[PDB]
Amino acid sequence: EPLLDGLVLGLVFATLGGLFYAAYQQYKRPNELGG
Amino acid sequence: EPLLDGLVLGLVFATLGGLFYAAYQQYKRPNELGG
Amino acid sequence: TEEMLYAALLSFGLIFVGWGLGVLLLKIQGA
Amino acid sequence: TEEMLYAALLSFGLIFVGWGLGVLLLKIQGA
Amino acid sequence: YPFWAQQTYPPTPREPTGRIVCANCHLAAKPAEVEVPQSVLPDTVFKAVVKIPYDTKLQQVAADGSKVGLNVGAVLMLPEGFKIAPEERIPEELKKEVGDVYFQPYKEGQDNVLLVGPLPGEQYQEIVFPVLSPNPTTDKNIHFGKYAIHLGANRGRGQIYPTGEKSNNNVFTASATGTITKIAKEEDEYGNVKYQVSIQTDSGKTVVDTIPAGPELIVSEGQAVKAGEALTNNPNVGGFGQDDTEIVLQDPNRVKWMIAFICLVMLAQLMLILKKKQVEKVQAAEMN
Amino acid sequence: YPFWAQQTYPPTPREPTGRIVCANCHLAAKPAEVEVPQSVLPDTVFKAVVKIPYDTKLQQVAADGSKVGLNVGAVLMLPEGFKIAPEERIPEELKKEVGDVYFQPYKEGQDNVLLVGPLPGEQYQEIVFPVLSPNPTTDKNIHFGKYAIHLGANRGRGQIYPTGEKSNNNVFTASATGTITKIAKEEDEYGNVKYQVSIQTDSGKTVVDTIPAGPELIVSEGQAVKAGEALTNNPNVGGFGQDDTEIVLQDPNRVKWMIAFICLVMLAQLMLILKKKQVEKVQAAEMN
Amino acid sequence: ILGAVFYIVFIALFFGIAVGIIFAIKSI
Amino acid sequence: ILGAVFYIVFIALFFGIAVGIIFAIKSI
Amino acid sequence: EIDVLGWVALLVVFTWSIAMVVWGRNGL
Amino acid sequence: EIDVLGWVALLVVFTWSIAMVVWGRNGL
Amino acid sequence: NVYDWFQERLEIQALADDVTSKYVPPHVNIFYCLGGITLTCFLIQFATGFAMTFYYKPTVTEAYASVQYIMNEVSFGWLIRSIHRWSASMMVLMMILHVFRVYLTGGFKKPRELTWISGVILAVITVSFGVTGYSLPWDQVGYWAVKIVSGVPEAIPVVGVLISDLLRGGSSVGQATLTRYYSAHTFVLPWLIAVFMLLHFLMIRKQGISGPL
Amino acid sequence: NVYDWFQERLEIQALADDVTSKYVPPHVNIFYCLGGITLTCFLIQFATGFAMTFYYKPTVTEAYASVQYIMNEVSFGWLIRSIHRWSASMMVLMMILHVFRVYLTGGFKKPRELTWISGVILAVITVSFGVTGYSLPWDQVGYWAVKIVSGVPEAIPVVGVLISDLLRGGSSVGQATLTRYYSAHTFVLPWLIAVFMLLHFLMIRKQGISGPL
Amino acid sequence: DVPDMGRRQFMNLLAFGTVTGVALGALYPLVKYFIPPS
Amino acid sequence: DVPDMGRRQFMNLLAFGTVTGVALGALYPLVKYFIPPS
Amino acid sequence: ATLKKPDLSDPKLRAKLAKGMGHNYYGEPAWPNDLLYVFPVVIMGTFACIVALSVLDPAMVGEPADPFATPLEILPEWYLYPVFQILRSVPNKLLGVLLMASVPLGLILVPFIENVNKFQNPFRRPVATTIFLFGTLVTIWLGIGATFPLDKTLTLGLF
Amino acid sequence: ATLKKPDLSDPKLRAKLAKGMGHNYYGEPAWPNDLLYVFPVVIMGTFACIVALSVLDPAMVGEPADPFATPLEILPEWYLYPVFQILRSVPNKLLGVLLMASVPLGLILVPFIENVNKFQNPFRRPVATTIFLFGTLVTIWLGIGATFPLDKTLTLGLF
Ligand code: HEM
Ligand code: HEM
Ligand code: HEM
Ligand code: HEM
Ligand code: HEM
Ligand code: HEM
Ligand code: HEM
Ligand code: HEM
Ligand SMILES: CCCCCCCCCCCCCCC
């Protein structure tokens, strides 16, 4: 199932990127009680 | 299964008797908050 | 219809034996 | 290994399309 | 007879419905019972009591038409591995209780299914089977457990012969419809007694229902009552009967281990209650 | 050749492991590919492209020993119901794309399994199969769904003949162990060229390994290197290859209903979000 | 290419429906 | 009859064990 | 006649259970 | 070429879901 | 320390506090065990039931032989199946006695009628367990029992045949029936009885026991 | 009035009060859905899983044909099995992404390590679902996959062969294996995953979400 | 200015109506599945 | 007069020991069941 | 005997008592007295009895299924005797089905019917008790009836 | 945007915040905003995507099982590629089994190992993050490796 594997890799990389982006976004501008 | 049927009837009658006995016992001498 | 009789009489009867026994132990200890 | 590529590029790419779209609606309503 | 079952039904006496082929000729229905111990240890002789009760002072129609008593017969299907106990392994009183019974297997290599009879119906109101239980230890095709036993018992003469023709122990009926005119008994000295009953008119007709002698009569003269009218009365006073039961081929180790477990349980229960009693004290020393 | 597979293996080209009997003689291993649409509607002509790539400017050893090019051949197993499209149902460009291919079924009543070749290896680096999909509506033995396709493609001459004897397109080896003494080519004008290689000593010995002409040589004189020593070099430059794929015989109703459902879902989602937006207002009018 | 066009028209359609409904509900 | 005897001896045994253990624990 | 003891066991657990439950909670 | 529309559908739901989730909760 | 470890996070003490805050009033006699004994029988069914799924084969050619195999070849299989046969009857019996105790103590009246209803449902579920289980051996009795019960719904005029056809998976009894029945006996009923027991117990633990008499 | 009817007895308002007392903090982004999406995939598996128990036959002679029968003859069966095949992969994928979100947000640190552990267990259970499910069709892939995985435990020196013999129900792979695997796939794993999901969710609902970054 | 009581139920109906639509749409094939083939 | 700390643990051990006995006794046959026949 | 009386000075308890609850706030402590020391006795007792029954009276294995042979003497389990007696005796099948459905559905109505009265003790409600005993008697009667042949199934071979 | 701030004047909340909790006491209201209006979108979205995938790319039916014919090209599902690559490459079988068991067991130790640090943001913990990314890379690497032949499985057909 190539489609599956493509979905896996795509969603994995996208998710990881999104998570690190979400982390960085809070890193620069800490929300209230940020920490 | 005759044994089963015997057990059924025996336990049924015994249980019913016991329940009515338990009811009557409280009927004559009401416990605290009896009612 | 012999096993049924035994089963009935005993299942009905031995309850009172166990009961009386319990009461007997209760009396023996003195509650 | 062609279906896999499509699946990868699109599954990875259309997320940003949906995202941008959502942001676009947010901007359109004015939050 | 029990052997006519072998003749007409070689493979087995029991039909897939569990009806027992005996009923195909003994059309009446009288009670029958089979009694055996609830459990038996392996390699043990025990009693299997068949009961075929009927009014002892009640006679039936003989083949010739006389009034003779009635014999009993039965087929008994025991679980695989069970068989009649060797004459040497049967104790005295049991051996005496059994009698001159000729237990006959249903066919070669089927010693668990046993035919019996004809036996005298007055002395054998009940029939004792001396049976030896199998042993799972020496026979690996036998296992401990619960198994069924099937009885097919009978008393009195049957109504149908193996050839197909009927007998003189059941009701007879008319043919079609027409005036009856005759009541005779054109008996030979070679053959026995008969009874003549004619038919006529309605559509020509001149047929006669010659019937055997033995049953009664409730028809006099000049009638025409369809086809199936009971004109002979039912002389039967016996009948076939079935009864099934269960027996447990029990392993003693199985039992004694159980007993041990139960004892352990009771011990544990007792200790728990004692502990509660111990706690009842501690709690009572903290009331007020 | 593809027909020697029929000859040697009548029932099917594919073995229970999925190896394809073609490999039993073409012992080399070169890549092979099969391309088809991901989905096809019933009763539709479509393209199935086989690919059997190899260095075009690379020649092989001929039967006589010469240096000729190489042809391609292949077996293609399609799902049940699939077959070559009738010449009338094939469009112009496709028909042109296919070429002078002689699609040959594996046996009577097996039109889904198709043999191909030998075809010119320079022009048919890839082989187009014009295939017509089945129709579950008219054939109740066919169902919509996903199905496998099996390719077995090859280029170059094989190493073993149907009779069993080897060919002049593979390595040869020694017999046992002993001094080699001769390098000649006792060629007839009736038969072709050979090569003599002797053995001796160690235990008498006077055996000769007469081998065909075609391969190279990396052995000069006077040696004894076990049995299995590569002395001929490998002249093969082709090889067999397999590839499997999947195709969906798709029902359009199945798709359009799905589309409808999706649209409904999106509508519902939208309405829910709108409702939330409506609530966002009501909640904002109760802050302070 | 075709699927891309279809994709654009599809999302554009539902986007239009969204922006439509919001203003339809808002300004009424 | 036999089972009744066994029953009596069984319950009597465990009853005795109970009354035994209670006093054994109590008076120690 | 271990079978008899076998049944007696069942009877004795049935009895003893009620007995211990009763004695336990000053039963009824 | 309904199949193409078929896949486009999958893509469009995948996109639209993220879009609506995002717009819904002022997404991220 | 472990208690501190758990208490720091999940406030474990909250549980122990709740368990020890509960008291049992004087009017609670032995018959109040019947509910908890009905449960005890079910847990046995769950254990022995589960076990038999490791050897039983729900096919018209495999079932009967598999039951035999459990009885004759599997270690203690005879004991497992015997327990499963007995404890089922016992469960139903103890449930009936439980119902007696409930009714003749008026514990079903307000505000505990939902408990009663969930109880009735539970009873129907248990009888369903029994009926479906009865036919799994695919012996004569089981087959002819299923063949009888499956046909009853046909009496309903509008949707009887549909219901029956759903029950037996067709117009007649066969493999489909055994399949559906096995699914019902080993998947559906366990989850249903679980849910309704959960609701039963939650409501009971919520409201506590009914008053004295 | 119904609300009053229920409120009088079960204090229904207690629920609504608890649900509306909860708030979701600003740092909770879309990736916090992944857990709830992993669940959504499981509920689909439960539905479609259950459905296939009404036609699937766990026997070496019946299985493959029954799968075919679901695909070719049963109404929408192809859709049910397709959903069941896809949503399983999706469950595992969404679980992995859930783990990513958990780790890269430090939600596993004190006091939520039991949730993490129960999560790991859940993952092992889900992989078990996958593996056991994979072989039920009893096609070539499934059989040879089971034949490979079943033999792995043999490497353990003292109790490997026992474990393997328990897994396949014997020294080789055959009907016993399929039986045990089907039991595992349709009975054991559902109850286990249920329990551990219950614990997971209870602990999460107890402690709430981890803090911001 | 502010949405009254009636306008809320409209959006409720609009949303949960469509959701119900999707529920039934999804639930319909599952019912046909359980009815056995003829 | 009054049972000290040590005397409680004795009854605990006595009771729960036997109960454990019964648990193992009951649990033992179930393990042999799951090990397949040779 | 280890006993805590009801704290009638606590409005929270009185509020429950008025609602027909709070009955688990007084008496002996549930833990450890009952839960830890008595419940196990009941469990082990139950298990012990079932095990003993299983050993002494193990399960049987009937004959394999024959779809072409209808058995003589074919019954369900005991708890379905009453329902079974109804279904075969009542000529109108739909009537019988309704009568069957009447059992669980009727039972569901019991609480709402007897909410008229607040009493719990059977002696303080003799109508319901009479109807209950009657029901039980009819139930057992039908149950036994199920075993007899259809001829003497209702009359029970008496009148 | 519908937002409730943390009530830092409430000791009960502060006590939770100190314990690393109370984070569900502030923000937008969970009900109805998220639970009633957004969760369904996610559910329907998921179901929709799975349905679309199921329709467009339905499940296949392989060939029946042959215990006398070992397949060429035999793999598990993707999520077992990494484990599969380990088990076939590592010569010592027990080592491989341990390495397999190391995955879930090691993961169970993660929380206790990283309790040293209190931080949550990956950027405030670069060692762990580095090790995590490394792990992920090795995982995907092994995963892809599983598909290649044993010859080029580790080298991945590169070096
Ligand atoms: C299979 C078990 C059977 C048993 C135990 C049995 C028993 C008996 C007995 C005890 C008698 C003699 C009774 C007396 O003289 O008062 C008898 C006679 C008779 N039996 Fe059977 N029977 C069996 C099967 C059959 C079969 C298979 C047939 C016919 C196919 C049959 C038909 C008859 C007839 C016609 C007579 C009397 C014939 C005569 O008196 O000339 N019975 N049977
Ligand atoms: C089943 C699929 C097969 C395919 C597609 C195939 C393909 C081919 C092709 C294309 C050639 C000619 C190549 C060239 O001239 O350069 C060839 C020749 C040859 N094949 Fe096959 N083959 C197959 C099976 C077999 C089988 C079953 C055998 C033997 C049993 C075999 C043995 C040979 C040999 C010995 C030659 C060359 C003989 C000569 O040149 O005198 N191949 N094959
Ligand atoms: C598997 C079936 C059932 C189980 C396991 C079960 C279990 C229980 C348990 C453990 C209790 C706690 C109190 C006690 O045991 O006395 C209880 C109470 C109760 N049960 Fe059941 N039960 C079942 C079926 C039923 C049925 C069939 C009914 C009614 C038809 C019912 C109605 C009730 C009611 C009304 C109470 C509370 C009564 C009170 O508060 O005094 N249950 N049940
Ligand atoms: C998780 C719960 C249960 C599971 C997994 C389960 C499983 C099974 C299995 C695999 C069989 C086939 C073995 C056989 O025929 O003996 C079976 C049979 C049976 N089940 Fe269960 N069971 C469960 C609960 C119950 C309950 C609660 C009852 C009744 C209250 C019940 C009643 C029966 C009966 C009567 C049989 C056949 C009896 C016989 O074979 O003699 N089961 N069960
Ligand atoms: C002497 C033994 C028993 C007595 C006196 C008894 C009686 C009771 C009583 C009075 C309640 C009401 C609970 C409350 O007010 O909070 C109850 C509930 C319950 N009991 Fe029992 N029962 C006994 C045995 C058992 C056993 C052996 C079990 C399980 C093995 C059990 C399980 C339950 C369950 C699950 C409930 C649900 C209601 C709740 O949790 O409060 N019971 N029982
Ligand atoms: C079927 C498998 C699983 C399901 C259905 C599931 C479900 C959930 C759900 C619904 C949440 C609520 C928060 C959220 O979604 O972000 C959650 C939180 C959490 N999960 Fe899982 N999960 C699964 C597996 C796992 C795994 C494999 C791990 C770790 C390896 C894990 C560890 C955690 C932790 C630590 C939290 C709380 C984190 C925080 O409070 O910030 N779970 N899970
Ligand atoms: C209550 C829960 C479940 C039940 C009752 C269930 C039931 C079934 C049944 C009856 C089959 C056989 C049909 C077939 O081979 O397609 C099956 C196959 C399968 N199951 Fe499940 N299942 C459940 C959950 C799961 C989960 C959670 C997963 C993975 C996360 C899963 C993965 C699979 C796979 C991969 C197959 C075979 C795939 C195929 O046939 O192509 N199942 N399941
Ligand atoms: C925008 C969508 C979602 C978000 C933002 C989200 C996020 C969260 C958060 C922050 C929690 C922590 C709960 C708490 O602090 O009390 C949680 C828990 C949980 N969520 Fe989700 N999730 C989403 C989707 C879903 C879906 C679709 C489901 C089910 C269909 C679901 C089911 C659960 C469950 C079962 C828990 C267990 C913990 C609890 O009940 O508090 N979630 N999720
Ligand atoms: C009288 C019991 C009939 C049981 C029928 C089982 C049918 C199989 C599907 C399970 C449905 C169970 C519903 C019980 C309410």
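As recorded by the PDB entry, chain E carries the name Apocytochrome f and is attributed to Mastigocladus laminosus. If you open the UniProt record of chain E and go to Function, you find "Component of the cytochrome b6-f complex, which mediates electron transfer between photosystem II (PSII) and photosystem I (PSI), cyclic electron flow around PSI, and state transitions." Database annotation for chain E, UniProt heading Sequence similarities: "Belongs to the cytochrome f family."

In its Function section, the UniProt record describing chain C reads: "Component of the cytochrome b6-f complex, which mediates electron transfer between photosystem II (PSII) and photosystem I (PSI), cyclic electron flow around PSI, and state transitions." Heading Subcellular location of the UniProt record for chain C holds this comment: "Cellular thylakoid membrane".

Quick look at the sheet that holds strand 2 (residues 39-40) of chain F now. All names here are of chain F. Spatial ordering of the open sheet is given by 2-14-11-6-9-8, a layout of six strands whose pairing is mixed. Each edge of the open sheet carries a strand with a single partner, namely strand 2 and strand 8 (104-105). Pairing of strand 6 (residues 71-77) with strand 11 (residues 145-155) involves six bridges; the strand directions are antiparallel. Bridge assignment links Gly73 to a residue of strand 11, and that residue is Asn154.

With that settled, consider the domain arrangement of chain E. Residues and elements named next belong to chain E. Parsing chain E into structural domains produces domain 1 (1-171 + 234-254), domain 2 (172-233) and domain 3 (255-288). A C-alpha centroid distance of 39 Å is found between domain 1 and domain 2. Between domain 1 and domain 2 the total buried area reaches about 690 Å² when both faces are included, carbon and sulfur atoms providing 55% of it. For the pair domain 1 and domain 2, the number of links is zero salt bridges. Across the contact surface, domain 1 and domain 2 share one residue pair in polar contact.

Bringing the interface of chain K and chain O into the picture now. Residue-level contacts link 68 residues of chain K with 70 residues of chain O. Here chain K and chain O share an interface that buries about 6000 Å² over both sides, 70% of which is from carbon and sulfur atoms. Of all residues in chain K, the largest losses of buried area upon contact with chain O belong to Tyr23, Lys109 and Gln140 of chain K, amounting jointly to 13% of the total for that side. Across the pair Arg85 of chain K and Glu77 of chain O runs a salt bridge whose closest N-O atoms are separated by 3.9 Å.

Along the chain, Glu28 of chain O falls in strand 1 (residues 28-29). Put simply, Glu28 of chain O is tucked away with no salt bridge, and the nearest opposite charge, on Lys276 of chain E, sits 4.0 Å away. Non-local contacts of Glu28 of chain O, meaning those with residues more than four positions away in its chain, are made with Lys276 of chain E, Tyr23 and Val24 of chain K together with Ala1, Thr2, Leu3, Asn33 and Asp34 of chain O.

Residues and elements named next belong to chain E. Around ligand 1 there are 20 residues in total, and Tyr1, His26, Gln60, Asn71 and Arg157 lie nearest to it. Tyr1 places a main-chain nitrogen or oxygen 2.8 Å from a nitrogen atom of ligand 1. Within the side chain of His26, a nitrogen or oxygen atom sits 2.9 Å from a nitrogen atom of ligand 1. Within the residue set of the shell around ligand 1, elements represented by two or more residues are helix 1 (2-8) and strand 6 (71-77). Of the residues assigned to the shell around ligand 1, the class counts are eleven nonpolar, eight polar and one charged.

Calculation rules
- For every chain, the first residue of the written sequence is numbered 1 and the count continues from 1 onward along that sequence, whatever numbering the entry uses; residues with no coordinates are hidden.
- Chains and ligands are labelled by the order in which they are written, letters from A for the one and numbers from 1 for the other.
- Only heavy atoms go into the side-chain values, all of them from the structure, while hydrogens and water stay out.
- UniProt positions are given in the numbering used here, feature names are shortened, and annotations may be inferred rather than shown by experiment.
- Pairing between two strands is assigned when DSSP locates at least 2 bridges connecting them.
- Only runs of H or I of at least four residues qualify as helices and only runs of E of at least two qualify as strands under DSSP, and these elements are numbered from the N terminus.
- For the purposes of this description, domain bounds are those given by an automatic or database domain assignment.
- When two components associate, each loses some accessible surface as probed by a 1.4 Å sphere; the sum of these losses over both components is called the buried area.
- The term salt bridge refers to a pairing of a side-chain nitrogen on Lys or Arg with a carboxyl oxygen on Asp or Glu at a separation within 4 Å.
- By the criterion applied in these results, polar contacts are pairs of N or O atoms within 3.5 Å in which, for protein atoms, one can donate a hydrogen and the other can accept it, and in which residues neighboring in sequence qualify only through two side-chain atoms.
- By definition, residues are in contact when any of their heavy atoms lie within 4.5 Å.
- Throughout this description, buried means an accessible area under 20% of the type-specific maximum (1.4 Å probe, protein chains only), exposed means over 50%, and partly exposed covers the range between.
- For the charge count, each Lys or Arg is scored as positive and each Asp or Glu as negative, with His and the chain ends excluded.
- Residues are counted as near a molecule or strand when any one of their heavy atoms sits within 4 Å of it.
- Under the scheme applied here, ten amino acids are nonpolar (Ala, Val, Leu, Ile, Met, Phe, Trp, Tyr, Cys and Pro), four are charged (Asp, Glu, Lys and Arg), and all others, including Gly, are polar.

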